[PDB]
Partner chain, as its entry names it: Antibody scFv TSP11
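What follows is a single chain, given as structure tokens, in the form solved without its partner chain.
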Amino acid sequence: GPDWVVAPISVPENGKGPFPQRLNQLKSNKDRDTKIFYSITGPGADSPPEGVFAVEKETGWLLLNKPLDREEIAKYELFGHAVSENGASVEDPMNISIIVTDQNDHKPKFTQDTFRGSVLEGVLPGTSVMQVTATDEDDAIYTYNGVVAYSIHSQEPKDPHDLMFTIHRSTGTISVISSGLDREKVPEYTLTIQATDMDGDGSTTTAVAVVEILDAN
């Protein structure tokens, strides 16, 4: 490409290296008759987090010094500088954008350890009981890394039967699917709920929802 220009640079988080890793070689056309010293400034270089990026003074290689974490900082905006050996700036500072792209490195996290809800004993099958939620810090815009699917792992007790409830795989709303709820017989159920990223193909996190059965009064 042309000298003293750089399009956005993408770097997946959690790279293996080796570090320091070359990202791009800065070059000023003024090097044709002059020795140039390159430098970088900006958050990530000379201000917090300091020293994540560096530039080789004479070669102009922009380096990444460690693996990045998209959930800490998703984008860096740095400036490249070119100064002659005599000490004169020979270019206007150049904007360097570093875009940290995602990896699926977070499991879903339920918003509560115990969700508590209730439902009347005589409701029609299909009646909504309550809603549970799990977030996922990963990207859900370009991939399914941050897209959660819900499921019910188990119900306690299994009375009158095994599965009295279901859950909406994307909204987390729990509904009644069977008849037979009766506060006098079984006043409470404990549902083991799961949230799985990659829209159900990834890693799973478990929590519980406790459902109180209310008297028809």
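Positions refer to the first chain, counted from 1.
This protein has a second form, the form deposited with its partner chain bound, left out of what is shown; the following refers to that one.
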item	value
Contact at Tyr38, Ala54 and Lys66 by its partner chain in the deposited complex, all three, heavy atom at most 4.5 Å	yes
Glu156: touches its partner chain in the deposited complex, heavy atom cutoff 4.5 angstroms	no
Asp182: touches its partner chain in the deposited complex, heavy atom cutoff 4.5 angstroms	no
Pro187: touches its partner chain in the deposited complex, heavy atom cutoff 4.5 angstroms	no
Exercise: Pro160 in contact with its partner chain in the deposited complex, heavy atom 4.5 Å	no
Which listed residue lies at the hinge, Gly117, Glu188, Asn104, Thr192, rigid motion between the shown form and the other one	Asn104
